[PDB]
Amino acid sequence: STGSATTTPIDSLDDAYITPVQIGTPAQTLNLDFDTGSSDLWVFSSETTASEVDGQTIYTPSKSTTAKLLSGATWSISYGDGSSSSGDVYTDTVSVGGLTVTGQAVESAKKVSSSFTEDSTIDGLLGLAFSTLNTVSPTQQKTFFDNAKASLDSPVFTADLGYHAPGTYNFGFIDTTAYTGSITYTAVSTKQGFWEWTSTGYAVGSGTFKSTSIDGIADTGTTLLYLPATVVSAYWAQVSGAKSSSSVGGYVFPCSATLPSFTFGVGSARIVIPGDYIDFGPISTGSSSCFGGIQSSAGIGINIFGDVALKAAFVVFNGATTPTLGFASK
């Protein structure tokens, strides 16, 4: 089997991407944030505290003939940005882009933090990291990908995120028309439950490539590119007037600037992030200070290849017995 679904930016900055997902019978379509940095499929629901729902589409398990309470199961998750959600669990039929899983754990939110309430465009998350990170207790649950894997033509999914444009998540096949050149594969460590890999270095603009190992995670659920302070300082040093602002919460730059590209290494291959991808616009409406798309990971504890980086590539998440990650230009 295979699946193919379009993913669409939620706003003009590509702050996140939403992908339609069919849950239950008859289908209830919710727009979920596919997140390769977590492993819970959770939804706004008929159980979500009413004051914490503001425009989202909800899953109502009582309207699904295939929903069943997973008795005694609860879940609670905290994300790197300080957001959180929690609740109980149903099993139901879930389909993505024509690919159907029966008995998928659908985590129904009873509570969500303010960041989720305030984002009317995101109806929940679909985790695509390793199932060892799933938060369901007392019986940990499998991700959609893990449940689908054995039925897939090939045990893979791919992320092809757009810059200010829709893109695609495919399951079970590699679309050889969606990228240019060849795919370079690189080793993954699953020890922390993430798609964790080691980049071979970086360049700033037209500068020379610096060969250096950068361990980090491929995380579709994180907007920006978070790298070591040394690397980030080297990048922003090439933008006149750029500075790290503790009041804003990271590097800012004059909105009048032309940003240089940023290149990262995948083995002997190179992925170029155009400068425009690194512009996140005015810090507040009308400001001439703009927010940077490359930020320091210092104090996160991990480097994060978020959307800024991933959208410059066609990315293969290979879930074979020995997992790997593939990157191609596009």
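The first residue in the sequence is number 1, and the count goes up from there.
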K.L.:
For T117 and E52, test the side chains for any donor-to-acceptor distance below 3.5 angstrom and give the result as yes or no.
P.N.:
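Absent: no donor and acceptor within the cut-off.
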K.L.:
Taking atom types as modelled, find out whether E47 and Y90 have a side-chain donor-acceptor pair closer than 3.5 angstrom.
P.N.:
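Yes, because at least one side-chain N or O of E47 sits under 3.5 Å from a partner of the opposite role on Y90.
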K.L.:
Would you please indicate if the ring centroids of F280 and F291 are separated by under 6.0 Å?
P.N.:
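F280 vs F291: aromatic centres not under 6.0 Å.
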K.L.:
Just grab all the salt bridge (charged side-chain N to carboxylate O under 4.0 Å, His left out) pairs involving residues 256-266, residues at least two apart or on different chains.
P.N.:
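Sorted result for residues 256-266: empty, none.
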K.L.:
Please identify each residue that fulfils salt bridge (charged side-chain N to carboxylate O under 4.0 Å, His left out) with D14, with sequence neighbours left out.
P.N.:
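Salt bridge (charged side-chain N to carboxylate O under 4.0 Å, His left out) check on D14 returns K311.
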K.L.:
Compute whether any side-chain donor of one residue and acceptor of the other, for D92 and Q28, lie under 3.5 angstrom apart.
P.N.:
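Note: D92 and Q28 side chains miss the donor-acceptor criterion.
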K.L.:
Please lay out, stage by stage, how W195 and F130 fare under the test ring pair (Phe, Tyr, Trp, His ring centres under 6.0 Å).
P.N.:
CA-CA 8 Å; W195 294 92; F130 294 87; 4.5 Å; yes
K.L.:
Give the table of side-chain donor-acceptor pairs shorter than 3.5 Å for residues 156-174, with sequence neighbours excluded, one pair per line with atom names and distance.
P.N.:
from	atom 1	to	atom 2	distance (Å)
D160	OD1	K330	NZ	2.8
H164	NE2	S12	O	3.3
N170	OD1	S4	OG	2.7

K.L.:
Just checking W197 against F327, ring centres under 6.0 Å apart?
P.N.:
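Centroid distance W197-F327: below 6.0 Å, so yes.
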K.L.:
With no hydrogens and no angle check, do the side chains of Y277 and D307 hold a donor and an acceptor under 3.5 Å apart?
P.N.:
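Absent: no donor and acceptor within the cut-off.
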K.L.:
Hey, are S62 and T60 close enough side-chain-wise for a donor-acceptor pair under 3.5 Å?
P.N.:
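No, because no side-chain N or O of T60 sits under 3.5 Å from a partner of the opposite role on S62.
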K.L.:
Quick one: sort the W42 and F116 rings into parallel, tilted or perpendicular, breaks at 30° and 60°.
P.N.:
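Rings of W42 and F116: perpendicular, as their planes differ by over 60°.
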K.L.:
Using a 6.0 Å distance limit plus a 45 degree cone around the ring axis, check whether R270 lies over the aromatic ring of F264.
P.N.:
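Relative to the ring axis of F264, which defines the angle, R270 lies outside at least one limit.
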K.L.:
Taking atom types as modelled, find out whether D54 and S120 have a side-chain donor-acceptor pair closer than 3.5 angstrom.
P.N.:
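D54 vs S120: no donor-acceptor pair found between side chains.
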